Protein chains: 2
Amino acid sequence: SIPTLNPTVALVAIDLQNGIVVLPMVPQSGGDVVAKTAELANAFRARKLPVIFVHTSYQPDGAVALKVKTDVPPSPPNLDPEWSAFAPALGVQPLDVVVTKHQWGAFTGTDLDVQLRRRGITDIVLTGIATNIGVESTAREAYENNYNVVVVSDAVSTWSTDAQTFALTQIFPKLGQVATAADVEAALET
Amino acid sequence: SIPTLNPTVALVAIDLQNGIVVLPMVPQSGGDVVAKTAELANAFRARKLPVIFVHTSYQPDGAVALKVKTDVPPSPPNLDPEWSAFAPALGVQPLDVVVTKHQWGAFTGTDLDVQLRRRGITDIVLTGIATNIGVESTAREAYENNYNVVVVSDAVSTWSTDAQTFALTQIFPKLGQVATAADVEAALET
């Protein structure tokens with residue numbers, strides 16, 4: 001069923017960067033998530049609707065990476081500039097909004113909310129990697145910040161099909177709407 | 001294994017209020033979550049460490065409840081003052097910190113971060129209901145805000161054992177530490 005969308009809608013794409021799109025993920029590959037996101041981005045730009053590309057960086061020195069105590073030790077911060085560069089197939093344009101984050105979710109320490117508010121945006125369409133981590137944290141926070149959230153099922157991927165299903169069926173329906181890229185495109189054309 | 005805790009630690013208990021503790025939940029009841037939390041609270045107060053009790057309210061008129069579009073329609077806001085009153089068995093004291101929230105997580109629209117910062121707190125021990133909703137959203141945000149987060153496995157409950165297990169094994173170990181109430185108490189006594 002096609003999601004309900006206000007005209008004041010933005011596309012927000014999480015962590016479609018070289019170091020993350022090459023990771024193993026399901027139910028579609030990093031490449032497919034990138035491709036789907038680009039297709040949606042074209043539909044948004046066609047309507048003069050903002051496209052917001054989010055990437056994670058710990059430049060210049062890694063000191064901004066969280067070092068809080070966790071049971072699962074995190075990877076050390078990757079300081080290769082290519083790690084945080086956008087996937088070339090994503091088609092990031094010079095007038096697109098680029099948001100740089102330093103943790104899972106895309107609000108903390110960023111200008112995402114500033115960009116949304118100042119552009120009059122009420123609704124966000126969310127894509128990216130990983131469904132349960134950067135996507136979900138952004139989704140949860142966006143909901144608390146009174147945005148209508150739509151998550152694109154065939155443009156979010158994660159580490160297992162169980163995790164995908166859990167987020168899409170147990171969490172996201174409670175904080176927003178779950179739809180396919182095609183469903184979202186149809187809701188725009190309305 | 002006992003969690004690692006700095007001395008600058010607070011107990012933060014989510015939504016142990018009449019309207020939520022009576023809900024069906026696993027792997028322990030609302031009553032058990034309340035009891036366990038009170039026991040920990042005693043251990044914290046004994047050490048002059050802050051105890052922060054969080055509840056959800058939509059008083060006076062329900063207008064502050066989120067009305068964003070979701071696939072699963074939410075319950076209308078319950079405006080019975082008893083719905084948001086703390087469970088009597090929780091033993092909330094007049095010098096305890098009471099935080100009032102209007103959505104899942106305990107930071108948005110609250111003084112939680114202000115209370116933590118001003119009290120010099122670096123570490124939070126988290127209890128309450130539901131594991132995947134108010135507890136997890138608070139945990140996720142606390143992590144992004146550079147707090148060491150510990151979630152108390154036998155003092156958080158949710159709607160299914162699959163959901164409990166997913167949060168405790170797939171999410172929380174990546175943003176903090178998972179331990180039992182007894183483990184936490186032992187880490188204090190160190």
# chains A, B, ... in the order shown; residues from 1 in each chain; ligands from 1
>>> interface_residues(of="chain B", to="chain A", cutoff="10 Å", atoms="only C-alpha atoms", output="MDAnalysis selection string")
chainID B and resid 3:5 65:74 102:105 107:109 122:123 132:133 136:137 140:141 143:150 162:163 166 169:179
>>> residues_around(residues="residue 186 of chain A", least_positions_apart="2", cutoff="12 Å", atoms="only C-alpha atoms", output="MDAnalysis selection string")
chainID A and resid 1:5 40 43:44 179:184 188:190
>>> atom_distance(atom1="atom CA of residue 87 of chain A", atom2="atom CA of residue 12 of chain A")
15.2 Å
>>> residues_around(residues="residue 27 of chain A", least_positions_apart="3", cutoff="12 Å", atoms="only C-alpha atoms", output="NGL selection string")
:A and (24 or 30-33 or 129-131 or 153-165 or 168)
>>> write_last_selection(atoms="C-alpha atoms", output="tab-separated table (two decimals), in the first residue's frame")
chain	number	residue	atom	x	y	z
A	24	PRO	CA	28.04	-7.94	3.46
A	30	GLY	CA	25.10	-2.27	-0.87
A	31	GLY	CA	25.12	-1.70	-4.64
A	32	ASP	CA	21.36	-2.24	-4.86
A	33	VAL	CA	20.76	0.14	-1.96
A	129	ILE	CA	22.85	1.08	5.74
A	130	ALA	CA	22.47	-0.47	8.33
A	131	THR	CA	18.70	-0.80	8.86
A	153	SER	CA	12.28	-1.53	2.59
A	154	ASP	CA	14.19	-2.26	-0.62
A	155	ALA	CA	16.70	0.52	0.06
A	156	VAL	CA	17.72	-0.41	3.61
A	157	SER	CA	19.93	-3.43	4.37
A	158	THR	CA	21.54	-4.97	7.42
A	159	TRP	CA	23.50	-7.98	8.71
A	160	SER	CA	20.78	-10.62	8.71
A	161	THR	CA	17.27	-11.19	7.36
A	162	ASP	CA	16.09	-11.70	10.97
A	163	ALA	CA	17.38	-8.18	11.80
A	164	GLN	CA	15.80	-6.68	8.70
A	165	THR	CA	12.49	-8.28	9.53
A	168	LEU	CA	10.63	-3.51	9.48
>>> closest_residue(among="A:120, A:19, A:91, A:81", to="residue 45 of chain A", atoms="only C-alpha atoms")
A:91
